[PDB]
Amino acid sequence: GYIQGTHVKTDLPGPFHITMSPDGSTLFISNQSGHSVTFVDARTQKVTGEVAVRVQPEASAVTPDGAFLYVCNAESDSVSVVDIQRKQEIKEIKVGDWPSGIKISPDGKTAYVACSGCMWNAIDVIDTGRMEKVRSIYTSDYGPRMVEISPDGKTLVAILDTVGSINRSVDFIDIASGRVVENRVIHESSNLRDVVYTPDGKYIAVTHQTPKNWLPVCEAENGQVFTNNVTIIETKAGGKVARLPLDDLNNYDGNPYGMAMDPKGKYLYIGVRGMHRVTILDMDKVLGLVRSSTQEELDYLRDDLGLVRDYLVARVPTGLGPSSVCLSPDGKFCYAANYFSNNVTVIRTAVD
Amino acid sequence: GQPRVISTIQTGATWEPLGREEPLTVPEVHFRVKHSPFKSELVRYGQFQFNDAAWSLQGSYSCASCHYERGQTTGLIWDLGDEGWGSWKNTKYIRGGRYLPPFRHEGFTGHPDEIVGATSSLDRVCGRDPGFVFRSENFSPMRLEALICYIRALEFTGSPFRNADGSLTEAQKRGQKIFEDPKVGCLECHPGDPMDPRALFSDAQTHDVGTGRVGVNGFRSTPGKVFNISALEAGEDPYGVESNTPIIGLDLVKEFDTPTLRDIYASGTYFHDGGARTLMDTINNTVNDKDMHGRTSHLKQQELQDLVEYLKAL
Amino acid sequence: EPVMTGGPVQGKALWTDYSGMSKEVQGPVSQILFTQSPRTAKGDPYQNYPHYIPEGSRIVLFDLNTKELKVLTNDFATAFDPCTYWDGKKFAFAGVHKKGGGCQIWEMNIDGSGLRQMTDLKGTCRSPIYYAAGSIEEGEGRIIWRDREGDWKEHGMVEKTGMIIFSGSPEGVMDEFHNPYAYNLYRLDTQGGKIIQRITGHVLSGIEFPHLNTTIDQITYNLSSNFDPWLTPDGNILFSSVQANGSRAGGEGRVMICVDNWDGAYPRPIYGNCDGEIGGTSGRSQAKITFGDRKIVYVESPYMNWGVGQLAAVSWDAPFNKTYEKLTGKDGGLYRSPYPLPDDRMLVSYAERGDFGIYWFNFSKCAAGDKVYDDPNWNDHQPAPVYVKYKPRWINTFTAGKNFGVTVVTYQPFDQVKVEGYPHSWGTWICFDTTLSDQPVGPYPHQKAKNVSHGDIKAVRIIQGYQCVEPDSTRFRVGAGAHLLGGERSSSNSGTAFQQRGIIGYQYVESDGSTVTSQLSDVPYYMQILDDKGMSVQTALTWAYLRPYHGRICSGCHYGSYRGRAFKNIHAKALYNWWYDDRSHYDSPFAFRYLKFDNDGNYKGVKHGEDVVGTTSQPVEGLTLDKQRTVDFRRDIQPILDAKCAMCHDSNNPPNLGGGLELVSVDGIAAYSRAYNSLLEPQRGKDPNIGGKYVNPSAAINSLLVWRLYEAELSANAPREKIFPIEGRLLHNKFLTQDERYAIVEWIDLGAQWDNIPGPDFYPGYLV
Ligand code: HEC
Ligand code: HEC
Ligand code: HEC
Ligand code: HEC
Ligand SMILES: [Ca+2]
Ligand SMILES: [Ca+2]
Ligand SMILES: [Ca+2]
Ligand SMILES: [Ca+2]
Ligand SMILES: [Ca+2]
Ligand SMILES: [Ca+2]
Ligand SMILES: [Cl-]
Ligand SMILES: [Mg+2]
Ligand SMILES: [Zn+2]
């Protein structure tokens, strides 16, 4: 396999992503440098097979029944359909540039694919019966990184990570309508790597960074150049956009990427790729902070470098480059995919 | 209970990064004038050093926070301290970097040092960043060499905007004639052919295209003047904090090293300071002096749009 | 084990993780080093801390197994402050030899051989530590530089031993408490300048000791003592700083835990200096950081000058009130010199009733655990265990030491004085918003006297503090102003807590509140933001300093950018006034000597002085120390009072301004004149730290005198309940010109001193 963006060959799989079957018996790891997907049994923690897909898979989504795995092949500009029981790819559907993420509708009748190409704005829809790409939903700006579907399945959020932009936004889509209802801007943001929904569907979490671009590059202290943040957006009309710090004064979480939401909405799990660790936060303290604060107070609290300690549950040691995380349906275990270490860290959560 | 690590599933083979060893001095970094022989066994280590935030002071960010992680760019515009304050630089697109030396933006003009401007080696770019950007411990020789190996191993993505047949479209074909028109004269500083994989669309030289940002009293004066005509007409705030790109600046040099036009679709916000918000702005004579970058004044909109489409095809 | 971040393998740490690698590289502890001190006030003078010279003390090595003790310092009259090297085979300490030479820095092998003198200084040296700069791995590094316009070439090699950071004080000086010592941090080249030559390409500039093959450079310029340096996990220097400036912190001051670069380029507060924080006036000393939970653990003494006390802790990652702990923490004795081990154990010096020994600490019981060693005849403290220390990362230095900068372009060392021709070393600083602050509107000088927005702040006054040096003991007396606002901290020089100062200069502020300036380097200084009348709205009470060629940035005026908050994203006009020219180091304007006003006395502009002297595009002003302007009461103010005031103000019409410069005896002490004593008189029900009847030190805008001279309500803080009389009122605004009036304004904003000329001079003053 090839290292991404290069013609240099490597024997290492380089896991870029991870997910789990809705019955929680199987983990599917997308190997970016392996051009395949690794199957792992949850109970035995054993590799049960490796299924070949197209070039550079960065993402995968499982059907509600768990008979199929839709893998995003980024370099191939395509999406592979994998038979989970047969351990074989049965089709390749062609999509827009660089799918970086994919998710299946609650009814399992539709798959949504975010095309992350820098000049590309698209979310391609795919019927599961036809196993084919129906149409494309054009976003408000370029580079959707990932999508997410609400628990009621009538709405689709898409993080737009837009190159050359200080203000990067999130699009709200009406699934039945298939068009953009609203666009909400996260001010002073860059590198949006994920978006998740709360189980009640009243909030979304988005991991990103806050650059200070208008300032001289002088020191590294007090986040003069970059700070690392998680933003909670209230899904109601006119809802708050709350940018919250992930960093201590002398301790920062470099490049937050993947997110896993507790099934009951108790905790938030964040893969920290630069600092090689999983940051676990208390979501009732976070949401409690959001509900009890105005927009002004939250905007002031974004730069509070002692604030995290209020809602911070833990920071757990991981392998190198934990780009993605996922949870078991009972929420008692969190898995983190490590690219450089070529492995998966298994974490016992606070849930008992 | 308290969250903890019970086990680790090893799916692939074990891999460990390069050690700390002995950090280079800044003179030792400047001591590497030219590239070392390419080693493809060091490329992954270089990728790690590229994406790692743990090596930095407090772990604030990494290289990938700027040049992103597919190794392209985020389009973020920064003010670095070796070129002067108030002088802005668009984050460099790092795909296909080895094919067009010298490096950075500013060229040979005004740069006898060949470090900040007209950079002789990629080593003098990244090897400097620990002390001039990250403000952290310097790289060891091995880790630096590995990093440079990773950078040199980056290849162009190619344009998505062309037919699955591999051919061009008729809008792009229409634009190619405008591009290669001897009166327009894009081929002069941007020589290349669309079907040629070895085409760099750059002369790798230093030119004055009229993109030099100066003061209200002229070169080496203060404060800066609005170089964006459309933004000046729009009544945009010069010192505004909400803008994606600066409409003002003070440059220490008037001339710059010409970038490749390959993958120009994926560079957020073109030229050096990121004065040009769209491809169209690199043409329409808004953010640059009249006919100092190509002669486009006689062209009008359909032609310009076709030219943009052809640029998207590179 | 992984601590700050995950490692290469499960249960293993990355080399970037200082705490974790420290855990993995520690090894078993067998032997420990510690100080035994005679039990006496003279033998253990912890009440005089930081100035601590436990005369008669010795350094000993103890085996935790064979229980055998060896005295390594027998050739020394006094020895203390042991710190082990990275390998643990050698250690550095402070002490005075029997042959004499004073208290200096030495180093010796762990077996007791190979003694070497690292410092010959006029003054006293203390608490050395090793900072490995350019030396991570054992061996010889290569020296490389540029040919002056040639290529980069190799010249020679140097053994990599790193550097030594220590705290030291000069001879015959006084701090802001009038103690006969002022301590500051120094960096030391162990190879005689060639380490700095390896890193930079020029040898260290500073004071050279060629006989010892060493060189020292002063990295911290605070007018009070900076002491007990240690290592941060990110590779900086952690230490204790005394912030005494003027009347701040209730006229007491605070001892804060803070960090700085090993060259002193970026000092910033960690905990203890700010209002609302914990410990008040408690002394904070001997701070160290735990490896497991990353806790800053320090000795909190009940008295500010005490070195013994309780033990307290705050999180290093998050140094705020929420993480504050009192470790020990009750019964019933005293603690000192804590030493956290990488394996999470800790060694403390504990006295149950009255006599200290080495004890393991118990975190479960919140007190001293099992005993290590105690002699009854000795006070056993400063435990320094023998183990392997992981080297923290060394940060790039842009200064070669005194007068020497290093360019950001070619990275070539340059002398600003000897070569470039500047009268003195000069740096720059920039504030993006001067109106942006976390401080409320209040009567105290560090607060805002009134609300200010963008455009309300016209300029800034930059002030340099003068060290208090008084060779003649007959012409100087402490407590001469005890009846005035100063109290115990007053003196023959001032009736306030503010010591002698001078004006570095004025700098204009942009309409967005931003400002940038060039000014002197390696000198203590601070600033004040000014309104359209040129009065200080808010004062920064602290001592800032700039290394040569170094710029310093801040988001706001005590906004939190250097304390607890992230930098605010601000697009500032001053940014473009900083460096725009290819041929320059800095294009920013130098501090102007004067201000110019209109008819009314409102701010018009800044005005050049005659101190103006091609590496900068701006007129070079205010770099000549001998020409630096100040405001002296006797030379400047008093003549104005005699001319336009004293005639109408006598004993019958208070305040009494008559009598000229003739001294007045108060409580048997003749220091100041009648006018000075009158204007500096306290007011019933008013905090002296705020001000007196007619004068508020370092706020002119709050002063009743200024209120009357402008005949207006200047601030939101009323000096008293009835300001202007109802009947018999006489307007004072026409009595003085703008020069005289603003001279009074400057005098008050400077701290309203009496003698602003350091040392004995010809002008009237205390004599016996
Ligand atoms: C020289 C410029 C001065 C200074 C510095 C002061 N005075 Fe006067 N003064 C005069 C009278 C009749 C009064 C009382 C009536 C009134 O306050 O309007 C004062 C009062 C003051 C004060 C206030 C003191 C207090 O309220 O406690 C101050 C601070 C003050 N003065 C200072 C009369 C004269 C006078 C004509 C006889 C002249 C000349 C001055 N004053 C000059 C000065
Ligand atoms: C020599 C005078 C040139 C001519 C003729 C053309 N280009 Fe050029 N190009 C040149 C320079 C010196 C620069 C960089 C200037 C700066 O301030 O950075 C460029 C840049 C571009 C770009 C953007 C590249 C990037 O931002 O990475 C584009 C898209 C571009 N040029 C296209 C272009 C076209 C369409 C031309 C014909 C009208 C043309 N160039 C001519 C040098 C010169
Ligand atoms: C307005 C006056 C300013 C400006 C322009 C700056 N600072 Fe800060 N400063 C200021 C106040 C009110 C105080 C506290 C005074 C008191 O009595 O408590 C301080 C103090 C500091 C300190 C000490 C540590 C602390 O209190 O946090 C440091 C260190 C410090 N100031 C540094 C600093 C820097 C880097 C600035 C950028 C140029 C700066 N000051 C500007 C008020 C003001
Ligand atoms: C390794 C490594 C690289 N980057 Fe850097 N980068 C940033 C800017 C603003 C610029 C342009 C500077 C100028 O024009 O004067 C660059 C440039 C580069 C280049 C040059 C590419 C070329 O084709 O010339 C390379 C190879 C490069 N950079 C590599 C901005 C940033 C960052 C934001 C502050 C950071 C974090 C960053 N770069 C980091 C890194 C690297 C890690 C050491
Ligand atoms: Ca593609
Ligand atoms: Ca710059
Ligand atoms: Ca080039
Ligand atoms: Ca760009
Ligand atoms: Ca004892
Ligand atoms: Ca004097
Ligand atoms: Cl601030
Ligand atoms: Mg620094
Ligand atoms: Zn403070």
# chains A, B, ... in the order shown; residues from 1 in each chain; ligands from 1
$ residues_near_ligand --ligand "ligand 7" --cutoff "8 Å" --atoms "only C-alpha atoms and all ligand atoms" --output "list in words"
residues 97, 100, 101, 102, 103, 104, 105, 118, 204, 205, 257, 258, 259 and 260 of chain B
$ select_by_dssp --residues "segment 45-184 of chain B" --states "alpha helix (DSSP H)" --output "MDAnalysis selection string"
chainID B and resid 45:51 123:126 129:132 141:152 170:179
$ write_last_selection --atoms "N, CA, C and O atoms" --output "short mmCIF file (atom, residue, chain, number, x, y, z; two decimals), in the first residue's frame"
data_model
loop_
_atom_site.label_atom_id
_atom_site.label_comp_id
_atom_site.auth_asym_id
_atom_site.auth_seq_id
_atom_site.Cartn_x
_atom_site.Cartn_y
_atom_site.Cartn_z
N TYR B 45 8.26 8.26 9.03
CA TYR B 45 8.75 8.99 10.20
C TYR B 45 8.53 10.48 10.00
O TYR B 45 8.11 11.20 10.92
N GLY B 46 8.80 10.94 8.78
CA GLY B 46 8.58 12.33 8.41
C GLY B 46 7.12 12.70 8.50
O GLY B 46 6.78 13.81 8.90
N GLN B 47 6.24 11.77 8.11
CA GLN B 47 4.81 12.00 8.21
C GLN B 47 4.40 12.15 9.67
O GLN B 47 3.55 12.99 10.01
N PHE B 48 5.01 11.35 10.54
CA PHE B 48 4.73 11.44 11.97
C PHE B 48 5.17 12.78 12.54
O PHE B 48 4.40 13.46 13.21
N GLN B 49 6.41 13.16 12.25
CA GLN B 49 6.94 14.45 12.70
C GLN B 49 6.10 15.60 12.15
O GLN B 49 5.99 16.66 12.77
N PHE B 50 5.50 15.37 10.99
CA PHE B 50 4.63 16.35 10.35
C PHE B 50 3.31 16.49 11.10
O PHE B 50 2.80 17.60 11.29
N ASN B 51 2.74 15.36 11.52
CA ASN B 51 1.44 15.37 12.19
C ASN B 51 1.47 15.44 13.72
O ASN B 51 0.43 15.62 14.35
N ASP B 123 15.08 22.01 3.98
CA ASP B 123 15.60 21.89 5.33
C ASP B 123 15.57 23.24 6.05
O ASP B 123 15.30 23.32 7.24
N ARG B 124 15.85 24.30 5.30
CA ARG B 124 15.88 25.65 5.86
C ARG B 124 14.48 26.20 6.10
O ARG B 124 14.31 27.26 6.70
N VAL B 125 13.47 25.48 5.61
CA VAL B 125 12.08 25.86 5.84
C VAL B 125 11.56 25.24 7.13
O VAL B 125 11.21 25.95 8.08
N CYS B 126 11.51 23.91 7.17
CA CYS B 126 10.99 23.19 8.33
C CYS B 126 11.93 23.23 9.52
O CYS B 126 11.49 23.36 10.66
N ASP B 129 11.34 26.24 11.63
CA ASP B 129 10.04 26.36 12.31
C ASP B 129 10.02 26.10 13.82
O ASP B 129 9.26 26.75 14.53
N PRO B 130 10.82 25.13 14.32
CA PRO B 130 10.83 24.98 15.78
C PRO B 130 11.23 26.24 16.54
O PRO B 130 10.66 26.50 17.59
N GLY B 131 12.20 27.00 16.03
CA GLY B 131 12.58 28.23 16.71
C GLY B 131 11.89 29.50 16.24
O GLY B 131 11.74 30.44 17.02
N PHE B 132 11.47 29.54 14.98
CA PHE B 132 10.84 30.75 14.45
C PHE B 132 9.31 30.71 14.38
O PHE B 132 8.68 31.73 14.09
N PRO B 141 19.03 15.86 13.41
CA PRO B 141 19.33 15.73 11.98
C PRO B 141 18.45 14.68 11.29
O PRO B 141 17.93 14.91 10.19
N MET B 142 18.29 13.53 11.94
CA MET B 142 17.54 12.41 11.39
C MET B 142 16.07 12.76 11.17
O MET B 142 15.52 12.51 10.10
N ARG B 143 15.44 13.33 12.19
CA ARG B 143 14.02 13.67 12.11
C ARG B 143 13.77 14.76 11.07
O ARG B 143 12.76 14.73 10.36
N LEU B 144 14.69 15.71 10.97
CA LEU B 144 14.59 16.75 9.96
C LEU B 144 14.68 16.15 8.56
O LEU B 144 13.85 16.44 7.70
N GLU B 145 15.69 15.30 8.35
CA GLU B 145 15.87 14.65 7.05
C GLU B 145 14.64 13.82 6.67
O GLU B 145 14.22 13.83 5.52
N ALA B 146 14.08 13.12 7.65
CA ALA B 146 12.88 12.32 7.43
C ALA B 146 11.70 13.20 7.03
O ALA B 146 10.94 12.87 6.12
N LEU B 147 11.56 14.33 7.73
CA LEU B 147 10.51 15.30 7.43
C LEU B 147 10.62 15.80 5.99
O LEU B 147 9.63 15.81 5.24
N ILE B 148 11.83 16.19 5.61
CA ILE B 148 12.09 16.66 4.25
C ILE B 148 11.80 15.57 3.23
O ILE B 148 11.29 15.84 2.15
N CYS B 149 12.13 14.33 3.58
CA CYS B 149 11.82 13.19 2.72
C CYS B 149 10.32 13.05 2.52
O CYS B 149 9.86 12.74 1.42
N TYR B 150 9.55 13.29 3.59
CA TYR B 150 8.10 13.25 3.49
C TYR B 150 7.57 14.35 2.58
O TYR B 150 6.65 14.13 1.79
N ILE B 151 8.15 15.54 2.71
CA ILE B 151 7.71 16.68 1.91
C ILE B 151 8.01 16.49 0.43
O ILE B 151 7.18 16.79 -0.43
N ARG B 152 9.20 15.97 0.14
CA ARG B 152 9.63 15.74 -1.24
C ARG B 152 8.82 14.63 -1.91
O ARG B 152 8.69 14.60 -3.13
N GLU B 170 -15.01 21.57 -23.26
CA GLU B 170 -14.91 22.60 -24.29
C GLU B 170 -14.84 24.00 -23.70
O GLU B 170 -14.45 24.96 -24.38
N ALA B 171 -15.20 24.12 -22.43
CA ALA B 171 -15.01 25.35 -21.69
C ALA B 171 -13.53 25.48 -21.35
O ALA B 171 -12.94 26.56 -21.48
N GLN B 172 -12.95 24.38 -20.90
CA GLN B 172 -11.54 24.31 -20.58
C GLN B 172 -10.68 24.43 -21.84
O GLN B 172 -9.64 25.10 -21.83
N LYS B 173 -11.11 23.78 -22.91
CA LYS B 173 -10.45 23.91 -24.20
C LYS B 173 -10.54 25.35 -24.69
O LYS B 173 -9.59 25.88 -25.28
N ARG B 174 -11.68 25.98 -24.44
CA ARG B 174 -11.87 27.38 -24.80
C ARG B 174 -10.92 28.28 -24.02
O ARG B 174 -10.37 29.24 -24.57
N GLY B 175 -10.72 27.96 -22.75
CA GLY B 175 -9.83 28.74 -21.89
C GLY B 175 -8.36 28.53 -22.20
O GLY B 175 -7.55 29.43 -21.99
N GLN B 176 -8.02 27.35 -22.71
CA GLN B 176 -6.64 27.02 -23.02
C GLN B 176 -6.07 27.94 -24.10
O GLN B 176 -4.89 28.28 -24.09
N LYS B 177 -6.93 28.35 -25.03
CA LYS B 177 -6.52 29.25 -26.10
C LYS B 177 -6.22 30.65 -25.57
O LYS B 177 -5.30 31.32 -26.04
N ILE B 178 -7.01 31.10 -24.60
CA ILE B 178 -6.80 32.39 -23.96
C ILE B 178 -5.52 32.35 -23.13
O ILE B 178 -4.72 33.30 -23.15
N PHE B 179 -5.32 31.25 -22.42
CA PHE B 179 -4.12 31.05 -21.60
C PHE B 179 -2.85 31.11 -22.44
O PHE B 179 -1.87 31.76 -22.06
#
$ closest_residue --among "A:83, A:11, A:127, A:304" --to "chain C" --atoms "only C-alpha atoms"
A:304
$ residues_around --residues "residue 202 of chain C" --least-positions-apart "3" --cutoff "12 Å" --atoms "only C-alpha atoms" --output "MDAnalysis selection string"
(chainID B and resid 27) or (chainID C and resid 143:146 155 192:199 205 397:402 404:406 411:415)
$ write_last_selection --atoms "C-alpha atoms" --output "mmCIF file, in the first residue's frame"
data_model
loop_
_atom_site.group_PDB
_atom_site.id
_atom_site.type_symbol
_atom_site.label_atom_id
_atom_site.label_comp_id
_atom_site.auth_asym_id
_atom_site.auth_seq_id
_atom_site.Cartn_x
_atom_site.Cartn_y
_atom_site.Cartn_z
ATOM 1 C CA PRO B 27 23.534 27.536 12.564
ATOM 2 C CA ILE C 143 30.504 25.194 16.526
ATOM 3 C CA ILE C 144 29.348 26.768 13.252
ATOM 4 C CA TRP C 145 29.004 30.357 12.058
ATOM 5 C CA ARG C 146 28.733 32.637 9.023
ATOM 6 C CA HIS C 155 34.972 26.126 13.651
ATOM 7 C CA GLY C 192 33.443 29.805 29.136
ATOM 8 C CA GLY C 193 31.091 31.164 26.498
ATOM 9 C CA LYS C 194 31.518 28.422 23.926
ATOM 10 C CA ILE C 195 28.177 26.762 24.670
ATOM 11 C CA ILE C 196 26.490 30.036 23.756
ATOM 12 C CA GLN C 197 28.918 30.118 20.827
ATOM 13 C CA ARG C 198 27.686 26.673 19.777
ATOM 14 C CA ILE C 199 24.030 27.724 20.011
ATOM 15 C CA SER C 205 28.099 38.560 26.565
ATOM 16 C CA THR C 397 17.695 32.020 22.338
ATOM 17 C CA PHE C 398 17.738 35.203 20.265
ATOM 18 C CA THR C 399 20.170 37.019 22.568
ATOM 19 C CA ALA C 400 23.890 36.396 23.099
ATOM 20 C CA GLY C 401 23.687 38.291 26.387
ATOM 21 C CA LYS C 402 24.488 41.915 27.224
ATOM 22 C CA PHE C 404 23.873 41.334 21.931
ATOM 23 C CA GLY C 405 20.909 40.464 19.729
ATOM 24 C CA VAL C 406 20.471 37.711 17.139
ATOM 25 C CA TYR C 411 20.453 34.438 12.743
ATOM 26 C CA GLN C 412 23.678 36.420 13.151
ATOM 27 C CA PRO C 413 24.717 37.785 16.582
ATOM 28 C CA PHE C 414 25.251 41.557 16.705
ATOM 29 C CA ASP C 415 26.366 44.110 19.293
#
$ residues_near_ligand --ligand "ligand 11" --cutoff "10 Å" --atoms "only C-alpha atoms and all ligand atoms" --output "PyMOL selection string"
chain C and resi 431-434+436-438+553-568
$ residues_near_ligand --ligand "ligand 2" --cutoff "7 Å" --atoms "only C-alpha atoms and all ligand atoms" --output "PyMOL selection string"
chain B and resi 105+179+184-190+206-209+211-212+255-261+264+267+269-273+279+282-283+292-296+307+311
$ interface_residues --of "chain B" --to "chain C" --cutoff "9 Å" --atoms "only C-alpha atoms" --output "ChimeraX atom specification"
/B:5,7-8,14-17,19-28,30-33,54-58,81-87,110,112-113,115-116,130-132,135-138,219-224,239-241,249-253
$ residues_around --residues "residue 235 of chain B" --least-positions-apart "5" --cutoff "12 Å" --atoms "only C-alpha atoms" --output "NGL selection string"
:B and (226 or 228-230 or 240 or 247)
$ residues_near_ligand --ligand "ligand 5" --cutoff "6 Å" --atoms "only C-alpha atoms and all ligand atoms" --output "MDAnalysis selection string"
(chainID A and resid 75 77 97:98) or (chainID B and resid 160)
$ residues_around --residues "residue 17 of chain A" --least-positions-apart "2" --cutoff "6 Å" --atoms "only C-alpha atoms" --output "ChimeraX atom specification"
/A:15,29-30,59,324
$ write_last_selection --atoms "N, CA, C and O atoms" --output "tab-separated table (two decimals), in the first residue's frame"
chain	number	residue	atom	x	y	z
A	15	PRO	N	-4.49	2.66	10.19
A	15	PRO	CA	-5.94	2.87	10.32
A	15	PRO	C	-6.33	4.35	10.44
A	15	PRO	O	-5.84	5.06	11.32
A	29	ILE	N	-12.41	-1.32	10.65
A	29	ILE	CA	-11.36	-0.31	10.58
A	29	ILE	C	-10.97	-0.01	9.15
A	29	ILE	O	-10.59	-0.90	8.40
A	30	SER	N	-11.05	1.26	8.75
A	30	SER	CA	-10.62	1.63	7.42
A	30	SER	C	-9.12	1.87	7.43
A	30	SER	O	-8.64	2.76	8.12
A	59	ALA	N	-13.30	6.26	5.46
A	59	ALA	CA	-14.51	6.21	6.27
A	59	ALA	C	-15.40	5.00	5.96
A	59	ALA	O	-15.32	4.43	4.87
A	324	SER	N	-9.67	8.57	15.01
A	324	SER	CA	-11.09	8.23	15.09
A	324	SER	C	-11.44	7.42	16.34
A	324	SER	O	-10.63	6.63	16.82
$ residues_around --residues "segment 542-552 of chain C" --least-positions-apart "2" --cutoff "6 Å" --atoms "only C-alpha atoms" --output "list in words"
residues 222, 245, 403, 405, 425, 426, 427, 428, 429, 521, 522, 523, 524, 525 and 526 of chain C
$ write_last_selection --atoms "N, CA and C atoms" --output "PDB file, in the first residue's frame"
ATOM      1  N   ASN C 222      14.158  42.406  37.639  1.00  0.00           N
ATOM      2  CA  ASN C 222      13.300  42.845  38.748  1.00  0.00           C
ATOM      3  C   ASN C 222      14.063  43.586  39.848  1.00  0.00           C
ATOM      4  N   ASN C 245       6.185  46.448  43.856  1.00  0.00           N
ATOM      5  CA  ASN C 245       6.228  47.775  43.232  1.00  0.00           C
ATOM      6  C   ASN C 245       5.277  48.771  43.885  1.00  0.00           C
ATOM      7  N   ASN C 403      23.949  43.531  25.506  1.00  0.00           N
ATOM      8  CA  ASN C 403      24.094  44.326  24.281  1.00  0.00           C
ATOM      9  C   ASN C 403      23.973  43.522  22.985  1.00  0.00           C
ATOM     10  N   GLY C 405      22.098  41.067  20.302  1.00  0.00           N
ATOM     11  CA  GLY C 405      20.909  40.464  19.729  1.00  0.00           C
ATOM     12  C   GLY C 405      21.267  39.410  18.696  1.00  0.00           C
ATOM     13  N   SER C 425      21.445  49.158  24.876  1.00  0.00           N
ATOM     14  CA  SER C 425      20.620  48.073  24.353  1.00  0.00           C
ATOM     15  C   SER C 425      19.162  48.511  24.272  1.00  0.00           C
ATOM     16  N   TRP C 426      18.478  48.146  23.192  1.00  0.00           N
ATOM     17  CA  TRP C 426      17.084  48.547  23.038  1.00  0.00           C
ATOM     18  C   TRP C 426      16.189  47.474  22.413  1.00  0.00           C
ATOM     19  N   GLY C 427      15.065  47.204  23.072  1.00  0.00           N
ATOM     20  CA  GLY C 427      14.044  46.312  22.549  1.00  0.00           C
ATOM     21  C   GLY C 427      12.776  47.046  22.149  1.00  0.00           C
ATOM     22  N   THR C 428      11.705  46.289  21.911  1.00  0.00           N
ATOM     23  CA  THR C 428      10.394  46.862  21.607  1.00  0.00           C
ATOM     24  C   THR C 428       9.269  46.142  22.349  1.00  0.00           C
ATOM     25  N   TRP C 429       8.131  46.812  22.504  1.00  0.00           N
ATOM     26  CA  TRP C 429       6.939  46.119  22.989  1.00  0.00           C
ATOM     27  C   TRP C 429       5.662  46.689  22.383  1.00  0.00           C
ATOM     28  N   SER C 521      16.737  48.422  26.895  1.00  0.00           N
ATOM     29  CA  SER C 521      16.709  47.005  27.229  1.00  0.00           C
ATOM     30  C   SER C 521      17.506  46.735  28.498  1.00  0.00           C
ATOM     31  N   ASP C 522      17.200  45.617  29.151  1.00  0.00           N
ATOM     32  CA  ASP C 522      17.888  45.202  30.370  1.00  0.00           C
ATOM     33  C   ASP C 522      17.763  46.239  31.484  1.00  0.00           C
ATOM     34  N   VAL C 523      16.614  46.908  31.533  1.00  0.00           N
ATOM     35  CA  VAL C 523      16.305  47.833  32.615  1.00  0.00           C
ATOM     36  C   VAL C 523      14.876  47.603  33.101  1.00  0.00           C
ATOM     37  N   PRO C 524      14.659  47.703  34.422  1.00  0.00           N
ATOM     38  CA  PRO C 524      13.310  47.554  34.980  1.00  0.00           C
ATOM     39  C   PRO C 524      12.402  48.707  34.569  1.00  0.00           C
ATOM     40  N   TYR C 525      11.190  48.396  34.119  1.00  0.00           N
ATOM     41  CA  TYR C 525      10.272  49.433  33.667  1.00  0.00           C
ATOM     42  C   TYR C 525       8.815  49.000  33.761  1.00  0.00           C
ATOM     43  N   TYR C 526       7.916  49.978  33.710  1.00  0.00           N
ATOM     44  CA  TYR C 526       6.490  49.705  33.581  1.00  0.00           C
ATOM     45  C   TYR C 526       5.808  50.872  32.878  1.00  0.00           C
TER      46      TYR C 526
END
$ decode --residues "segment 214-219 of chain A" --atoms "C-alpha atoms" --output "compact mmCIF listing (two decimals), in the first residue's frame"
# COMPACT_ATOMS: atom_id res chain seq x y z
CA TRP A 214 -4.41 38.54 12.75
CA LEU A 215 -1.70 38.31 15.39
CA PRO A 216 2.10 38.12 15.04
CA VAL A 217 3.66 34.70 15.46
CA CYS A 218 5.81 35.24 18.52
CA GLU A 219 5.32 32.80 21.39
